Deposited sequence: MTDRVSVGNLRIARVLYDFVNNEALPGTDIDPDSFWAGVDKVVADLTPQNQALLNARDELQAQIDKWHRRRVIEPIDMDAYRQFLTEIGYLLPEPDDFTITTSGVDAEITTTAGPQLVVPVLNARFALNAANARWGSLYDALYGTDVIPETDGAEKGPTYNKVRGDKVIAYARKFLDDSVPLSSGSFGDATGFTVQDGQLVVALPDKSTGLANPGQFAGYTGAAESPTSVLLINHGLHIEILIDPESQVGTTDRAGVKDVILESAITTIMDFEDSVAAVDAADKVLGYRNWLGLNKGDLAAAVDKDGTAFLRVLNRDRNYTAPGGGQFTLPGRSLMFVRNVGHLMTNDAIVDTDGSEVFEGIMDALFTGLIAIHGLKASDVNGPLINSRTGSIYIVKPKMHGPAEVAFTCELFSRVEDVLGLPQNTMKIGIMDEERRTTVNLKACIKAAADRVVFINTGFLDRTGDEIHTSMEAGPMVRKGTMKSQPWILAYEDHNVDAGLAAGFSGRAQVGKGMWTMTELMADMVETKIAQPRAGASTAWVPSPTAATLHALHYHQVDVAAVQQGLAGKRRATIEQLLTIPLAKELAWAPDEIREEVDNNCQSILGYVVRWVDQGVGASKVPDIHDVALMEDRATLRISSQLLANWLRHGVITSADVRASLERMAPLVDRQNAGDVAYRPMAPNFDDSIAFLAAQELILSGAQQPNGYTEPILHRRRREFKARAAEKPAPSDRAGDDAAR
């Protein structure tokens, strides 16, 4: 029956073999003790994990009933707040405290910069992400719409010199703004030299040094004519590559070939929202990539970068990390996976399993590769825990990590937690959530997409919600973002932990990203999420413009969001929409859902670029699916749309998704809709949306992907 018996557990053979043959060797952990530890942790923690999921369902049923029992008209906020407090949703705020987390890397406690999130099941993307610590500014500007494709500056099959000159000019202006010269502009530089340990820049008429000579961090090659100059601004490195022999350098006034930016400071290897892993075979593929990353031998030959060698201004030698500091995002408390079943045939909680397996694998990252150890030099394992609801759930994750550390023979508190603030019950009790993880917390981050999905589901019974596009400007979300920064700064996060903000999803709109995303470090966020190594390089420009440490100091002690603002439900006003607007929102949500779901169910791809109704390429994950499906479920629940409208929109958008795809492994949905597991999954997400726990998409997606693989097997 392809399973291995260990106590009360029945382990899929592929997982048992992977752990024994690949994960355990080199950790000095006894295989028999590891497996007995897995059995004991699962048996001991499964009841509290179930109790917490039951408490979520109970609180939601109480809120749903409360909204149906409203006669009013404008919601009575005082009565709503009193009700949430009585049911235990809204808990008392604890007294002021400071976090005690220790042994954390400088990339987290001090450096403000981009954070890249990548699906761990894609080895090529995981490799590029780990390597994205250093990225080419010239490649990021040339290859994207940051430099407009106006008449003359368009991209073609070959290098366009007019476009190349615009890239060079943009980078020279970046240098002037970031590392200013004492006199003149970098645009007029003819050369660079290191004289008496000082950077000397040659201008046509004179020579100049830096306005702040401390911004000179080092160089490569000879001091008289360096091969590169290393600068530092706001704790982020900038490297000017000097090579007059190169095609670009030949055309350049100072022979500059490229400007390299320290870009993705940290990377999150994702096992959650951006991947589709429904059984042991899928989990092993992910665990094996995570293992290859920690051992430093993952290779696609594309391999992991080594540290970078530099000469200090004075002449001595030093090194800088060549790779992004890695976190792993485990799944949350909800799902079970049949990778492990108990004697009764009951599936084991996936979050428990992820803590054991990703934690075990992370041990390899704390020791010498095959040279130096890949990841944490300070001895920490960085785990992001998503979708937690309130401080009892955070307390549970901390107990699970403590129990895992005991099984792995690791010091207590080795396993650090990146808290996602992406559920309403966490937002409203944020201070108590940080306190419950006070000795393990390394970040708080506003996962705004899941947070929007939770906002829709929680108040599902209150009335029809505003359009998806209107959500970003609603009072609740603006208060949520500010409250997050306030709670983190009040808990002493400055100099100790990251205060993070969300994902930019418009992958092709890089000019818009460079214009807009600056709002996040201006709001005191020490990091924000980016979808690609190119977006990391461009978002790094924002941290050179904004002094995040100064912004945070200025925000100290402010309380900019009240509990009433956090609780403002995003209900639409009566008569808000004309028929064309309703139809556009329905079609847009159906296209987004079908586009994403078809690749999830039929191909096991958890993150896809899906063009929306306005032909804008959007990076879709489970969280964007949670919003779209919950919004349509909400509109169907309150009579904004009929069941005939939903079906007709799904059938209309299905051939358009089929066209956008084929591909090669692609199976079209139209015309035999009822024979398409992917189409039926999309339909179920909408029609059963109101009945999914907290509006989560995994139960349906996992069930439908498992059904697709079964049909393909027979």
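Just jot down which stretches of the deposited chain sequence have no CA coordinates, in the order they come.
Unobserved in coordinates, per deposited numbering: 1, 302 to 310, 381 to 382, 675, 728 to 741.
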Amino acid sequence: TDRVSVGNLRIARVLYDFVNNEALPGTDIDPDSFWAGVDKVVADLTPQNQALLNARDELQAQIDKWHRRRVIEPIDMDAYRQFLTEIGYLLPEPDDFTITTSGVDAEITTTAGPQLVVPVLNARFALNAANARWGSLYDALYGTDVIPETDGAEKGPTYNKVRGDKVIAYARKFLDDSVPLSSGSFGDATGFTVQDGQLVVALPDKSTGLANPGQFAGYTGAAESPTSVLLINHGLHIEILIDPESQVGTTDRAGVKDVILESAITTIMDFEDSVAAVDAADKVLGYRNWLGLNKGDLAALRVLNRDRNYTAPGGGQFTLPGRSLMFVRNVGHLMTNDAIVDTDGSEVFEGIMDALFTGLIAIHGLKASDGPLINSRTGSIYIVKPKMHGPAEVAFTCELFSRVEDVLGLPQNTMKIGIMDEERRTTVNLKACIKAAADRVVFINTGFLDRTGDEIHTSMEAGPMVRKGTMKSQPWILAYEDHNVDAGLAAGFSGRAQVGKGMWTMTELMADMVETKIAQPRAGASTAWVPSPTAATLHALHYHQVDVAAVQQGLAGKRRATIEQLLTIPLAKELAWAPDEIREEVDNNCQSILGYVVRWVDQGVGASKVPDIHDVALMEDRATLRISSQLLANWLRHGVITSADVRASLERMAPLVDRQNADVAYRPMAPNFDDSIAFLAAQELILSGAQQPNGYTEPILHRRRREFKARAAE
From here on, numbers count along this sequence of modelled residues.
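Between two forms, the rigid core is defined as the largest C-alpha subset superposing within 1.5 Å.
Could you say which moves further from this form in 4 other deposited structures of this protein, stretch 92 to 100 or stretch 374 to 382, by root mean square CA distance after aligning on the core?
If we average over structures and residues in 4 other deposited structures of this protein, the farther stretch is 374 to 382.
Which of these two stretches, 264 to 272 or 243 to 251, has the larger RMS Cα offset in 4 other deposited structures of this protein when the rigid core is kept aligned?
Looking at 264 to 272 versus 243 to 251 in 4 other deposited structures of this protein, the farther one turns out to be 243 to 251.
For at least a third of the other PDB entries compared, is residue 73 missing from the model even though its neighbours are present?
Per the records, residue 73 goes unmodelled in at least a third of the other entries.
Between 40 to 48 and 24 to 32, which has the larger average Cα B-factor in the PDB entry?
Stretch with the greater average CA B-factor: 24 to 32.
Should the higher mean CA B-factor in the entry be assigned to 219 to 227 or to 397 to 405?
The recorded data point to 219 to 227.
Considering only 523, 277, 633, 613, which residue's Cα atom bears the greatest B-factor as recorded?
Comparing C-alpha B-factors across 523, 277, 633, 613, the maximum falls on 613.
Which listed residue, 423, 272, 73, 239, has the largest C-alpha temperature factor in the record?
Of the candidates given, the C-alpha B-factor peaks at 73.
Give the position of residue 358 by CA B-factor within its chain, expressed as the lowest, middle or highest third.
It belongs to the lowest third of the chain when residues are ordered by C-alpha B-factor.
Name the third of the chain's ranked CA B-factors that contains residue 684, choosing lowest, middle or highest.
For residue 684, whose C-alpha B-factor we compare with every modelled residue in the chain, the answer is the lowest third.
Hey, what third does residue 512 fall into on Cα B-factor, ranked over its chain?
Answer is lowest: the recorded C-alpha B-factor places it there.
Ranked by Cα temperature factor within the chain, is residue 245 in the lowest third, the middle third or the highest third?
Ranked within chain, residue 245 CA B lands in the highest tercile.
Please place residue 435 in the lowest, middle or highest third of its chain by C-alpha B factor as given in the entry.
Its C-alpha B-factor, which the entry lists for residue 435, ranks in the middle third among residues of this chain.
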